[PDB]
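One structure is given here, and the rest of the page talks about it.
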Amino acid sequence: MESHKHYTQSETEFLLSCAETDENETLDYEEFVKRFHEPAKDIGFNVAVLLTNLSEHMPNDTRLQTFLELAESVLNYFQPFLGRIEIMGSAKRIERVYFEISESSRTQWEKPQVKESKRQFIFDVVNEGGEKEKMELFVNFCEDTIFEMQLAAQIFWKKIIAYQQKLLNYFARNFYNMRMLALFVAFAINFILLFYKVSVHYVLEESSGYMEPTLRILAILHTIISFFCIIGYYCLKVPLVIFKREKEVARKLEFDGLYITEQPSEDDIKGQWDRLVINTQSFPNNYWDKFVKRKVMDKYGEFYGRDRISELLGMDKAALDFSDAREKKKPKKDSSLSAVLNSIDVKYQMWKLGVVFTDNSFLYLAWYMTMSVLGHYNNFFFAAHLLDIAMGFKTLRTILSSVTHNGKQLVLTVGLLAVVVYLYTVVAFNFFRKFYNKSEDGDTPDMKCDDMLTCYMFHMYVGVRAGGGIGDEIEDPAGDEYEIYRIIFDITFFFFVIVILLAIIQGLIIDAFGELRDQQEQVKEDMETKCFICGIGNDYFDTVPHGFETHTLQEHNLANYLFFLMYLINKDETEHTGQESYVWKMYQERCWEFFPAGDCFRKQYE
Amino acid sequence: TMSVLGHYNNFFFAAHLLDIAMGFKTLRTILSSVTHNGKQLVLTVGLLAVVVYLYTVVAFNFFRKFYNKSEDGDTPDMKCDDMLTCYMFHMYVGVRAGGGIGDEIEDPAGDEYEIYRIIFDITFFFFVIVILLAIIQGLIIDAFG
Ligand SMILES: Nc1ncnc2c1ncn2[C@@H]1O[C@H](COP(=O)(O)OP(=O)(O)OP(=O)(O)O)[C@@H](O)[C@H]1O
Ligand SMILES: Cn1c(=O)c2c(ncn2C)n(C)c1=O
Ligand SMILES: [Ca+2]
Ligand SMILES: [Zn+2]
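Top to bottom, those sequences are chains A and C.
In terms of the entry's author numbering, the first sequence is residues 4051 to 4205, 4478 to 4521, 4556 to 4962.
According to the entry's author numbering, the second sequence is numbered sequentially starting from 4726.
Written out as structure tokens, the structure is:
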């Protein structure tokens, strides 16, 4: 470490003196650091935050600057672990609070699925909903995100259970890369299928060989990879959605009191389905609070007789159970039988299956599995997997969303086109039947206007697609009996059906695509030019160099707020400081005005 | 290099006529716009190729007999016999045709696949001609604007 050159000679000899004396001219740096650094870090973190607080609160203090320059090392070391939050409601002034952030929490935040959830949440909150419920949406996002990062950190019978759990965790971890592998193998199998020729038999031996065996291998490999993808999704993202649904129904029971006072409406099929889980054994399987049943019963039983409530929630009397446990805790343990019969709650499993099947992404994966099975039945069905690139890429997803964004108006315009084509059809059928002859030879004429159904189907199929209209696909009206009438007919058809209605139909989708692109660009611009927490203008921080960068990095940071919530949850309630306890009580009462939505620390003082 | 190749064959001097694009600002703007949205343009072209491939496999499986280009009663020129030929034909002809793929194939008078073939042609015209090609054109026009 003299070659390392981290200290001066005095510090080197001090470290030698404090070094473990092996009495054999040796030292064990592992045990040395384990003994010294950890208490040093845990105790000096408070010193570092004290110096940081003094520096931020006390400007233009030369002595304090000397202390900071002497303590540069500790501040630099603890800079990643130091988190800063601004709170408005504290004494009606903006106040800065400092806390500790774990490197494990930072890594879990950097996990890819957490980042994907973050970007989806930001898009949802910025594009729609405004800022009226922005704080509530942010708090819900924080709860779901900390649950997601806890799940990620989590990611002979005992041996096999451990092995299968490890396999499931591996699939959950490698869900995305295996998804890309599935896309690549789908592209390869489609490339192989491209060399197909009819002989009724669909012979693929266009080349010398080595195509059918590898095609079969790629098909079975694709099916296996798709099954593994669905397993990984089930063990990765299903817990998050079921946790969200359980939280929603539990909060409805607590605050709204849905299944207690007034039953959900019949149109609320989601509420009707959720009625099934409010009475099973493990209702809050993923929700952190397992006492929601006791809370709702203590809330409403004294008014509703406690008996209907006890029956509808199960478990009988929560108050009686709590009293019995408090008087004497159950001094026994239930042995885990190997061949235990129906240990799981069948009703809860049915509810979970219902919600995961109503989920959209799981439906897409089920469709992928079905397409793979149909591809095994007939190899040609693998072409449907080529549309996964639309999900993969954002622009293609934007086009697929735009094709349905204006669905109602598009359907109405198509209906109007059908109606006007029908009117032209009946006019032609009544007056211009003889002109619709497609027989090029003097053989039996092919009148398309003899029958109304045929005439209308012909009009819709041909006139709309034709650039010139209907007049370009029928005999010219040389006869003077209907010359001008037929010409006006054709011109009106061309004007109203070709260059107006079809133009509007095209413009609806093109404008939907443009509007979606503009919305995404506007979300990005807002994120770049305003602060999520407070909303102060970008220029005010730009008054100083990189002022907005600093404000969004350390002053108001979404990760910092999430880590502060995690810190409050992890800390013991008795150990909470004044500001921490106030914020915790506010979060419990669901008020959410501690966020400095109005002002900032700088506008408060400097 | 173009001048040297022009000495090798005088006809290579035609490539120098593109220097006006560098010379004038508006022409340079068009040449920059043709690549400003390059990533999205490539993605849209890929989506067009994918959808044309899907229509190709559908036609190959069900509507092979309609793709006859033999005007005389001589040996039929089936363009749908081979998948590679059918897909290349679709990409080359259906995209360029204003009416879609139904205007370059035999009309489905037979009742066995009348409605199926008509829906096929209408969907091809709607999704490939008046949507995807429109988006591809609009990308470059909007980049120029
Ligand atoms: N907590 C915040 N408050 C206010 N503005 C913020 C906050 N976090 C980020 N921003 C702003 O959002 C801009 C876009 O960066 P953002 O932090 O949203 O994405 P990123 O983390 O860099 O990207 P990615 O998720 O792709 O890795 C930043 O330049 C910053 O101005
Ligand atoms: C009170 N509380 C929470 O509020 C919480 C939590 N996990 C997430 N959240 C939001 N846990 C475990 C918890 O005890
Ligand atoms: Ca205390
Ligand atoms: Zn801010």
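For each residue, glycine too, the CB sits at the ideal point set by N, CA and C.
For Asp4807 (chain C), the three-state secondary structure derived from DSSP is strand.
By the criterion of a C-beta distance shorter than 7 Å, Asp4672 (chain A) is surrounded in its chain by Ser4666, once the five residues flanking it on both sides are discounted.
Ranked by Cα distance from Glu4949 (chain A), the first of A:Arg4958, A:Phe4957 and A:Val4939 is A:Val4939. Closer than 9 Å to the CB of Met4813 (chain A) there is at least one CB belonging to chain C.
Within the segment 4750-4780 of chain A, the residues whose Cβ lies closer than 8 Å to any Cβ of chain C are, in chain order, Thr4751, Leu4752, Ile4755 and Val4759. Counting the other Cβ atoms within 10 Å of the Cβ of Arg4501 (chain A) gives 16 or more, which makes it buried. Under the three-state reduction of DSSP output, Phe4791 (chain C) falls in the coil class, being neither helix nor strand. Contact check for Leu4772 (chain C) against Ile4745 (chain A) passes: the beta carbons are separated by less than 9 Å.
Residues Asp4828 and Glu4829 of the same chain have their beta carbon placed closer than 6 Å to that of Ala4822 (chain A), with the five preceding and five following residues left out of the count. Residue nearest to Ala4575 (chain A) within the set A:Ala4484, A:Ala4739 and A:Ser4155 is A:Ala4739 (criterion: CA-CA distance). Where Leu4132 (chain A) is concerned, there is no enclosing alpha helix (DSSP H), although the beta strand (DSSP E) around it starts and stops at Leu4132 to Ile4137. If you draw a straight line from the Cα of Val4729 (chain C) to the Cα of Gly4748 (chain C), it comes to about 22 Å. Within the segment 4863-4877 of chain A, those residues whose Cβ lies closer than 7 Å to any Cβ of chain C are, in chain order, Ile4865, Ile4866 and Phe4869. The three-state secondary structure of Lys4649 (chain A), taken from DSSP, is helix. Per DSSP, the continuous beta strand (DSSP E) segment holding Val4147 (chain A) begins and ends at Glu4145 to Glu4150. The segment 4787-4797 of chain C makes no contact with the segment 4752-4763 of chain C; the number of CB pairs closer than 8 Å stays below 3. Taking 8 Å as the cut-off, one finds no heavy atom of ligand 4 near enough to the beta carbon of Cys4947 (chain A).
Taking a Cβ-Cβ cut-off of 7 Å, the neighbours of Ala4859 (chain C) in chain A comprise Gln4862 and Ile4866, given in sequence order.
The continuous alpha helix (DSSP H) containing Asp4846 (chain C) extends over residues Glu4839 to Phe4849. If you check the CB distance, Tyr4148 (chain A) and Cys4585 (chain A) do not come in under 9 Å. Contacts between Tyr4643 (chain A) and chain C, judged by CB atoms closer than 8 Å, are missing: the closest CB pair is about 41 Å apart.
Nearest to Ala4774 (chain A) by C-alpha distance, out of A:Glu4837, A:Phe4852 and A:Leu4743, is A:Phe4852. Interface annotation, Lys4161 (chain A): not in contact with chain C, CB-CB separation never under 9 Å. Among the residues of the segment 4781-4795 of chain C, those with a Cβ less than 7 Å away from any Cβ of chain A are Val4782, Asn4786 and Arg4789, in the order of the chain. DSSP, reduced to helix, strand and coil, places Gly4731 (chain C) within a helical segment of the structure shown. Under DSSP, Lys4886 (chain A) takes part in a beta bridge, and its partners are A:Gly4893. For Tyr4566 (chain A), the secondary structure class from DSSP, reduced to helix, strand or coil, is coil. In this structure, the alpha-carbon of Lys4651 (chain A) lies about 23 Å from that of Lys4626 (chain A).
Residue nearest to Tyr4590 (chain A) within the set A:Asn4512, A:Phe4639, A:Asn4926 and A:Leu4201 is A:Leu4201 (criterion: CA-CA distance).
Beta bridge pairing from DSSP links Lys4519 (chain A) with A:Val4559 and C:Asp4807. Cα atoms of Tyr4720 (chain A) and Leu4743 (chain A): separation of roughly 11 Å, rounded to the nearest angstrom.
Spatial neighbours of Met4185 (chain A) in its own chain (CB-CB distance under 6 Å, excluding positions within 5 residues in sequence) are listed in chain order as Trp4948 and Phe4951. Taking non-hydrogen atoms of ligand 2 into account, the C-beta of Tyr4923 (chain A) is found less than 8 Å away from none of them. With a threshold of 8 Å, the Cβ atom of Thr4908 (chain A) counts as near ligand 4, since some heavy atom of the ligand is closer than that. The count of Cβ pairs closer than 8 Å, one atom from the segment 4495-4514 of chain A and one from the segment 4610-4628 of chain A, stays below three, leaving the stretches out of contact. Its chain contains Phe4493, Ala4494 and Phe4497 as the residues whose beta carbon lies nearer than 6 Å to that of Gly4588 (chain A), once the 5 sequence neighbours on both sides are disregarded; these appear in chain order.
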